[PDB]
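Everything on this sheet refers to the single structure shown next.
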There are 2 protein chains.
Amino acid sequence: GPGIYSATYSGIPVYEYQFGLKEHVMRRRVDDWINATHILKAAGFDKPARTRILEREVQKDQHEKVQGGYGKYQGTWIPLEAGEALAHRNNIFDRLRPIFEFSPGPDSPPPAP
Amino acid sequence: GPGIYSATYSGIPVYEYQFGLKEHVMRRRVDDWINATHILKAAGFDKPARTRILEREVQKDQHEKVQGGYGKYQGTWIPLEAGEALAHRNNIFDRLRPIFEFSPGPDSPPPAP
DNA sequence: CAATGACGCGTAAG
DNA sequence: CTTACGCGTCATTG
């Protein structure tokens, strides 16, 4: 049962769309920035192909590299509009649309143990 | 035997004090910042112990966290005087004396912002 | 050129 | 306490 959950990493509240069931995509609560590494990962790209596209394409624009600390939070972060376009271009939007069409009130529930 | 060596990791020149002979403490050449994680490892502290010390004490001052890259370079980096203070507070300055007292000659770098 | 396992850090969760 | 996580270098391979 895929769904959007609340989580906090290094004091940073995020929305975590769980699906797969072990796959996930994170969106920040404060600025709605999304993890582009998660998106490319959902598109089926392996590690070298991901490092390639991130270096060559994604990081040519406004972005934030996160190299610490918790693994699942790490990656390259970009504005939501940039992440949505990246998902559409890699034909992965249908698997990812809940995290893009999410408009929160208070507040998303905690994840599973 | 145990002594000071000069290495380069990810294009970053450091001074490295080796002893054990597998233990080490790195001091950066460009700003004399020292690896606080190496220091606490030189003391008897294991992972959760130094995790608490780094988070509750060391991180509350001027610091830089490094994850990824060459493994042994990783850790929490702090200015040299803060490193000397930390080494004293945790009763390990004497064993690590050469990495604090080493001097190439002319001349030490100023306090970074 | 590209791939990939080792490394080991800061974090999180059991 | 224990494990799990993913990253970016380095050495090594094809």
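The figures here come from the full heavy-atom set of this structure, side chains too, leaving out hydrogens, waters and symmetry mates. In what follows, every chain begins at residue 1, and chains take the letters A, B, ... in the order their sequences are listed.
Sorted by residue number, the list of members of residues 11-36 of chain B with any non-hydrogen atom under 4.0 Å from DNA chain D is empty.
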Please step through side chain to side chain donor-acceptor pair (under 3.5 Å) for the pair B:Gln59 and B:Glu57, ending with a clear verdict. CA-CA 6 Å; B:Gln59 280 180 7; B:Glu57 302 168 13; over 6 Å; no
Show, in sequence, the C-alpha distance, side-chain angles and deciding distance for A:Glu16 and A:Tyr9, and conclude whether the side chain to side chain donor-acceptor pair (under 3.5 Å) test is met. CA-CA 11 Å; A:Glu16 182 171 334; A:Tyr9 307 106; 2.7 Å; yes
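The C1'-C2'-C3'-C4' torsion of C:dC9 is positive, which assigns its sugar to the north, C3'-endo side.
Using a 4.0 Å heavy-atom criterion, one finds that A:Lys41 contacts the sugar-phosphate atoms exclusively.
Remark: P of C:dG10 and CZ of B:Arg56 are 15 Å apart, rounded to the nearest angstrom. Remark: P of C:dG10 and NE2 of B:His63 are 10 Å apart, rounded to the nearest angstrom. The interatomic distance linking A:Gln74 (CD) with D:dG8 (P) rounds to 8 Å, in whole Å. A:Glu55 has its CD atom 11 Å from the P atom of C:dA2, to the nearest Å. Counting to the nearest Å, the P atom of C:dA12 and the NZ atom of A:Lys72 are 12 Å from each other. A:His38 has its NE2 atom 8 Å from the P atom of D:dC7, to the nearest Å. Atom pair B:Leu40:CG and C:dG8:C1' shows a separation of 15 Å (rounding to whole Å applied). As rounded to whole Å, 10 Å separates atom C1' of D:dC7 from atom CZ of A:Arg50.
Residue B:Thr76 has no polar side-chain atom (N or O) positioned under 4.0 Å from OP1 or OP2 of C:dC9. Between B:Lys65 and the phosphate of C:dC9, there is no side-chain N or O to OP1/OP2 separation shorter than 4.0 Å.
Residues B:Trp77 and B:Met26 have side chains in contact (heavy-atom distance under 4.5 Å, counting atoms from C-beta outward).
In terms of position on DNA chain D, the residue among B:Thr8 and A:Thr37 whose nearest nucleotide sits closer to the 5' end is A:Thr37. Of the two residues contacting DNA chain C, namely A:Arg52 and B:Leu54, the nearest-nucleotide position lying further toward the 5' end is that of A:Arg52. In terms of position along DNA chain C, the nucleotide closest to B:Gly75 lies nearer the 5' end than the nucleotide closest to the other residue of the pair A:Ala7 and B:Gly75.
Residue side chain B:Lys47 reaches the base of C:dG10 through a donor-acceptor N/O pair under 3.5 Å, judged by distance alone. Side-chain N/O atoms of A:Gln67 and base N/O atoms of D:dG8 include no donor-acceptor pair closer than 3.5 Å.
The cationic group of A:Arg27 does not satisfy the cation-pi geometry with A:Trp33, failing either the under 6.0 Å distance to the six-membered ring centre or the 45° limit from the ring axis.
Few gaps surround CG on B:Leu21; more than 12 heavy atoms of other groups in view lie less than 6.0 Å from it. Heavy-atom neighbours of B:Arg52 CZ from other residues, nucleotides or ligands within 6.0 Å: at or below the threshold of 12.
Residue A:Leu80 belongs to a hydrophobic cluster whose other members are A:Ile4, A:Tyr15, A:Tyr17, A:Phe19, A:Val25, A:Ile34, A:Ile39, A:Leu40, A:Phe45, A:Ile53, A:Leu54, A:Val58, A:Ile78, A:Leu86, A:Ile92, A:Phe93, A:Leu96, A:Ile99, A:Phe100, A:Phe102, with links defined by side-chain heavy atoms closer than 4.5 Å.
Residue pairs meeting the side chain to side chain donor-acceptor pair (under 3.5 Å) criterion with at least one partner in residues 79-96 of chain A, sequence neighbours excluded, are A:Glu23-A:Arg95.
Nearest to the side-chain atoms of A:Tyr70 among the listed nucleotides C:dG8, D:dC1, C:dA12 stands C:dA12.
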